[PDB]
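Chemist: Experimental structure and sequence below.
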Amino acid sequence: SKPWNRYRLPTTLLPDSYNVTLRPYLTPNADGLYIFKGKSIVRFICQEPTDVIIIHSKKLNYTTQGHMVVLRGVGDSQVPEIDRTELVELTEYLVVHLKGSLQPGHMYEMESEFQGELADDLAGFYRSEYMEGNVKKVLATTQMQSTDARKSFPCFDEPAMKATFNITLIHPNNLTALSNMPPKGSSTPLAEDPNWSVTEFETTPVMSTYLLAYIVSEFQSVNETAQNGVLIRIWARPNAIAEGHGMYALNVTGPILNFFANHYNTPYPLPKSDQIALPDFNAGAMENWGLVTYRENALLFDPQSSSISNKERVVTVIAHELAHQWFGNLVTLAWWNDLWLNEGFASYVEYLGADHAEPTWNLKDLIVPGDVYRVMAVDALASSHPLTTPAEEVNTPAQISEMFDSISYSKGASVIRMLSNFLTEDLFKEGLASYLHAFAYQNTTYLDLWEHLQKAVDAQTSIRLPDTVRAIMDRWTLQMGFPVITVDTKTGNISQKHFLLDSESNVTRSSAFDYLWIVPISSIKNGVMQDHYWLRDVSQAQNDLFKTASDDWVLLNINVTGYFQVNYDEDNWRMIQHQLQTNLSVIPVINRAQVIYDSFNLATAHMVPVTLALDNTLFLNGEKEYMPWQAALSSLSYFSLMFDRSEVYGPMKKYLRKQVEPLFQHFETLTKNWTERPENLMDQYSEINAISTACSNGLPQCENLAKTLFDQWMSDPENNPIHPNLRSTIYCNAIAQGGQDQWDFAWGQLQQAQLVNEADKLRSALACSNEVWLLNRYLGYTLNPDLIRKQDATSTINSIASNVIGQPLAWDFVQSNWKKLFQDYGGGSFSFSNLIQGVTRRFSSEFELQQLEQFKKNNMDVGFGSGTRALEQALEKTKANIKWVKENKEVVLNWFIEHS
Ligand SMILES: *[C@@H]1O[C@H](CO)[C@@H](O[C@@H]2O[C@H](CO)[C@@H](O[C@@H]3O[C@H](CO)[C@@H](O)[C@H](O)[C@H]3NC(C)=O)[C@H](O)[C@H]2NC(C)=O)[C@H](O)[C@H]1NC(C)=O
Ligand SMILES: *[C@@H]1O[C@H](CO)[C@@H](O[C@@H]2O[C@H](CO)[C@@H](O[C@@H]3O[C@H](CO)[C@@H](O)[C@H](O)[C@H]3NC(C)=O)[C@H](O)[C@H]2NC(C)=O)[C@H](O)[C@H]1NC(C)=O
Ligand SMILES: *[C@@H]1O[C@H](CO)[C@@H](O[C@@H]2O[C@H](CO)[C@@H](O)[C@H](O)[C@H]2NC(C)=O)[C@H](O)[C@H]1NC(C)=O
Ligand SMILES: *[C@@H]1O[C@H](CO)[C@@H](O[C@@H]2O[C@H](CO)[C@@H](O)[C@H](O)[C@H]2NC(C)=O)[C@H](O)[C@H]1NC(C)=O
Ligand SMILES: *[C@@H]1O[C@H](CO)[C@@H](O[C@@H]2O[C@H](CO)[C@@H](O)[C@H](O)[C@H]2NC(C)=O)[C@H](O)[C@H]1NC(C)=O
Ligand SMILES: *[C@@H]1O[C@H](CO)[C@@H](O[C@@H]2O[C@H](CO)[C@@H](O)[C@H](O)[C@H]2NC(C)=O)[C@H](O)[C@H]1NC(C)=O
Ligand SMILES: *[C@@H]1O[C@H](CO)[C@@H](O[C@@H]2O[C@H](CO)[C@@H](O)[C@H](O)[C@H]2NC(C)=O)[C@H](O)[C@H]1NC(C)=O
Ligand SMILES: *[C@@H]1O[C@H](CO)[C@@H](O[C@@H]2O[C@H](CO)[C@@H](O)[C@H](O)[C@H]2NC(C)=O)[C@H](O)[C@H]1NC(C)=O
Ligand SMILES: *[C@@H]1O[C@H](CO)[C@@H](O)[C@H](O)[C@H]1NC(C)=O
Ligand SMILES: [Zn+2]
């Protein structure tokens, strides 16, 4: 095959530098089409002779005189004539056929004039439309990530083919231009038309095409300067800067950059950091070097309405993207098969960098619930895959997009956290710096990081490993999943096997290592740290570390640094149960959560009885902390999904009423009758949860608290007395006890609500009514754009259906109106996949399964839009629910009655 029919560029030509000039036309040509025009010069060097130049180019029309490009040699160098220039749409190339051959060592210059659509497609140079008062606003902006730089100018669009960039923006004279670097001086008017200005930027460092940004907008900024001269900014809409919504972002940014310079032991590699908050940026955040983009809602904070988990969301999201300004942007993985390393690393260090920024919080631990047990859910299936793909299997752009998933991000973060711990942080940082210094401004594989990490381990004696860093990490990176470690504390025998939540699963993917790992096992005996231990690549082993006496106990994986789950024999489970029931402080708080999360998974797997899982929740009546309570609530939400319309819900609610009441009393005292919030994050979280859990399980005191506070608010609309933290539980539980006086009030608020995060709580709360007629009225309002935004409709319908009274109303509403695929699939995508997956989440009977097969029957026409085969996932899921409910409804019921 010809080289223009392969997806990977040649390596015969390498870029040195590009001059790129873009001119976006923010006012359409009256046909309705917005466009941009560009000019580009790329200077590249020749490595081996070639008579063809191949460069990426996507949805660009060339307007160059004669051929699609003009070509020159730098200095005294001469260049062959062009024979022709073709576009090849499939592999996204511009091809320049030459009448002779480029020559090794010579630099050449390629020049193009072009234009494309300035579409609202969140790819390449694109447009974004927002509303400032009456007026329509239209900005230009970029998302290059993955393979879209080539959509904006022609370039050697692969991550390792790095170069310098001289960016110019030609824009309307009263707008501001931003790019990766500072602007060169002052904008000056365009000679041919002085309504336009021309802003030139300082030349970039050597960098990859996918990290470019340019933005033309009205935005303004709050600014700060660190002592070391680095100019920091938060850019947003004019009305948003004014309200001080940029202030939290500006406050944490400095500290975060400081933390990472010390952590990476390398200084921020650029003169400034712009961070910009864009309306409707649905990729969420993009770590463009020196110009990081966020959806507006994620960056911005309003402290008078936002809860602590908005605040925690802002700081972590900021820490993630700023971590990339070194690891990712300064040192760059060579190809998209290694994206796990880049995104995993960031996904892990986001916690460290934010822990520093809010010093008295302890954010670090939140990786356990938020990432580790989250990904474990999907990595303990047979449909999973290993972190590494071979390079030669990732070629197309669609294949490249498949790299951006839960495994890449969260398991990446999880094995890297594990790696760091077993080495120790100090050792981890040593080889981490060694990697950056050595590779700065160049490209790497994950093998390069291991080699440097090896170098640091080799350079000391204290920390000893069963094998090389590569051999150990090959077990976590080349095969999918993770082990379950079983411990018989009678003999001290210890085993391992690939853990799968379905005990009847058929793993078809085969591993070089036959699902055997090398596993770091930290251990605690009667509350006291033991020697660290390594389980080798064997199914069975024995060690006296794990042998218990009659009245000793043993617990594995401290702080759940290891990426595995633990099962012990029944005697040791009970000793741990007694221990937690009598003095919970002897077991660290992450492991009080572990014992819960792990046993529920071990139950689903038929490796313990489900009653054992439920026994591990018993100690919670004494538990003051976030994470144990969180583990129980997450593990029990499926139970609630299957049983909230059955005989089981009574004994269940009564059990949670009994367990959470002491914790509610505690916060009534600690907060001084709900007037002032707890000190740190973890305790505010525990509180938010205790109130939530009290109210939904129908404790009389939380019910009373809500009615009060919502009444105080109704007699004084302008002075909201409910702290932001507690609003979603108060709002929901007071609309439930009330009727149309409380519902019509909150709908008056939601229609007038300015902020997105208030409106989300109001919408969700409006779906907690127990009046059938209100919910059916609400469902009617979801398909009216004036009342409910198109993009909120399916969200809103799900909130209604989450309400048990709402389940049959939503199902009838979906089924009936389903035909409006052909207004909201050509009316917009509409997320049919999400709607169905939510409205049918509960279905757990033979009768309901037939109703889904019966709904299915209108195959003719309609189709399912995108959510075709999320309807098969429903039917599959439904079968698996029926089967689970038969096996469990009996024993669960007895267990809850027995313990309430
Ligand atoms: C990529 O863009 C660069 C920035 O625009 C270009 O570099 C600039 O080129 C100009 C000439 O092309 C130089 O400016 C002035 O040019 C006049 C010609 O009318 C000369 O007499 C002067 O020597 C010069 N002015 C002064 C005060 O010296 C700039 O010197 C130069 N700017 C830089 C390097 O920052 C590149 O040429 C362009 N690349 C390609 C391949 O075209
Ligand atoms: C990049 O090039 C594309 C392909 O050359 C352009 O798309 C074509 O633009 C044509 C002319 O501008 C359009 O043709 C017809 O024009 C009449 C005259 O006014 C319209 O009413 C018609 O609706 C239209 N014909 C049809 C069938 O719609 C076409 O829309 C289109 N043709 C093809 C073959 O793709 C892009 O305009 C151009 N884009 C940029 C940003 O430069
Ligand atoms: C982008 O601008 C930079 C710096 O302003 C240019 O780098 C210069 O390149 C010239 C011509 O090869 C050299 O003689 C100079 O030594 C370089 N100057 C500096 C300060 O590094 C770069 O050439 C420009 N890019 C393009 C594609 O023309
Ligand atoms: C930048 O200049 C343009 C040039 O016309 C302004 O556009 C007008 O803005 C006013 C007030 O907001 C509107 O009533 C007009 O309808 C706008 N005209 C067009 C064609 O859009 C623009 O508002 C200026 N803005 C800033 C922030 O400088
Ligand atoms: C970000 O920091 C600024 C100050 O560096 C904080 O602003 C405070 O708010 C009061 C309100 O009366 C101002 O008068 C003062 O300028 C500020 N200082 C103090 C100590 O209150 C701002 O609140 C910070 N924002 C966040 C969300 O942390
Ligand atoms: C990707 O990075 C490697 C380094 O990881 C670059 O190769 C280094 O280049 C400098 C100058 O070429 C040399 O001093 C070293 O000998 C090279 N190291 C090697 C070969 O391992 C490499 O050029 C980069 N690739 C691309 C496409 O830019
Ligand atoms: C703990 O480890 C060993 C396996 O190496 C087990 O002991 C063996 O049990 C089998 C019974 O089929 C005998 O053939 C071997 O002779 C035994 N070896 C001994 C006692 O040294 C032991 O059963 C394991 N305990 C468990 C799984 O609870
Ligand atoms: C397990 O995690 C806890 C935090 O969840 C660690 O306890 C902290 O340890 C540091 C320094 O080692 C102390 O300054 C803090 O006072 C402790 N904080 C809290 C909130 O307890 C504990 O060290 C971890 N244990 C292991 C073995 O890693
Ligand atoms: C529980 O044990 C810890 C640590 O060994 C001790 O500090 C604490 O006072 C004990 N609490 C009770 C109630 O016995
Ligand atoms: Zn990232």
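Modeler: Alright, I've got the coordinates. Residues are numbered from 1 along each chain as shown. Ligands and ions are numbered 1, 2, ... in the order given.
Chemist: chain center to stretch 514-525: distance?
Modeler: 28 Å (CA atoms, centre = their mean, to the nearest Å).
Chemist: ditto for stretch 632-642
Modeler: 23 Å.
Chemist: How about residue 804: what's its closest non-neighbour residue?
Modeler: residue 644 (5.3 Å; CB to CB, 6 or more residues apart in numbering). For the C-beta atoms, the positions are set from N, CA and C on the backbone; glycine is no exception.
Chemist: and what of residue 230?
Modeler: Closest residue to residue 230 apart from its sequence neighbours, by CB to CB, 6+ apart: residue 268 at 5.9 Å.
Chemist: Please report the distance of that neighbour from residue 253.
Modeler: Separation of residue 268 from residue 253 (CB to CB, to the nearest Å): 11 Å.
Chemist: re earlier: how many neighbouring residues does the residue nearest to residue 804 have?
Modeler: Around residue 644 there are 17 other residues, counting by other CB atoms under 10 Å.
Chemist: can you list the domains in this structure?
Modeler: The chain breaks down into these domains under curated CATH domains: 1-219, 220-481, 482-568, 569-900.
Chemist: could those go into TSV alongside distance to ligand 5?
Modeler: Below are the domains of the chain laid out as TSV (distance: least, CB to the nearest ligand atom, whole Å):
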stretch	distance to ligand 5
domain 1-219	20
domain 220-481	4
domain 482-568	29
domain 569-900	13
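Chemist: Ok, which of the ones you listed comes nearest ligand 2?
Modeler: domain 1-219 (3.7 Å; CB to the nearest ligand atom).
Chemist: Whether that closest one contacts ligand 1 - can you check?
Modeler: Yes. Contact of domain 1-219 with ligand 1 (CB under 6 Å from any ligand atom) involves 19, 41, 109, 166.
Chemist: Let me see the backbone angles for the second one.
Modeler: Which is residue 41. phi -130, psi 120 (degrees, to the nearest 10).
Chemist: So that it lines up with my notes, have the first residue be 14 from now on.
Modeler: Got it, the first residue is 14 from now on, which makes the last one we talked about residue 54.
Chemist: beta partners for it?
Modeler: residue 32, residue 124 (DSSP bridges).
Chemist: how much space between it and residue 25?
Modeler: Taken as CB to CB, the span from residue 54 to residue 25 is 20 Å.
Chemist: And the residue of this structure that's closest to ligand 9?
Modeler: Proximity of the chain to ligand 9 (CB to the nearest ligand atom) peaks at residue 596, 3.9 Å away.
Chemist: neighbours of that residue, just the number please.
Modeler: Neighbours of residue 596 using other CB under 10 Å come to 11.
Chemist: likewise the one 10 residues further on?
Modeler: Counted by other CB under 10 Å, the residues lying close to residue 606 total 26.
Chemist: ok, which pair from the residues of domain 14-232 next to ligand 1 is furthest apart?
Modeler: 122 and 179 (12.9 Å; CB to CB).
Chemist: just to confirm, which helix or strand has residue 68 in it?
Modeler: Following DSSP states H and E, one finds residue 68 within strand 63-69.
Chemist: Which positions are bridged to the residue of the stretch 164-313 of the chain found nearest ligand 3 in the beta structure?
Modeler: Nearest residue of the stretch 164-313 of the chain to ligand 3 (CB to the nearest ligand atom) works out as residue 179 at 3.8 Å. Counting by DSSP bridges, residue 179 is bridged to residue 32.
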